[PDB]
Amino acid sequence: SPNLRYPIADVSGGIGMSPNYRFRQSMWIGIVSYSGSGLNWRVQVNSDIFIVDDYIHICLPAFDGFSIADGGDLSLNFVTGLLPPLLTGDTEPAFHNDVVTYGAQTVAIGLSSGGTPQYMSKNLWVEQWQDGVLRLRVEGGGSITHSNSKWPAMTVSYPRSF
């Protein structure tokens, strides 16, 4: 109705909440890039996206990468790979390009040289979204000599811009 404003909407002939606001599902098939202490690699991932109320959730699957540093960045390039009609701008946080420490959590990453991984307890958080790239910080928990990393499934969530 012309006298209602999204997320408020006509719901079977009355005043309700837009179903689209309550739950929207999408997908990202795209590139995750790691950078830290001169180490750089990238990997393609298939990830569900769920937008629920004023939050976005990016459900990353387990993946394998190469060497990581004590501290580093994991970057999700949303500039391509989003399933239409979801656009890059739809992934911008409500704090826009502010630098933050949002949703900080433990992530166990298995470091190896081909053999039995040693799992390190690292600290991950959403740090910054900039020009359609979501940057996550991954640091702490110490490290070992390794050439491969086994990354767990990780859900990345934050407040979405409206």
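Residue numbers here begin at 1 and follow the sequence given.
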When mean C-alpha B-factors in the record are compared for 2-10 and 152-160, the larger belongs to 2-10
When mean C-alpha B-factors in the record are compared for 110-118 and 39-47, the larger belongs to 110-118
Sorting the chain's modelled residues by C-alpha B-factor and splitting them into thirds places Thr101 in the lowest
So, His146's CA B-factor, relative to its chain, sits in which third? The highest
Assert third(CA B-factor, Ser26) within chain per record equals middle
So, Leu87's CA B-factor, relative to its chain, sits in which third? The highest
Assert third(CA B-factor, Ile15) within chain per record equals middle
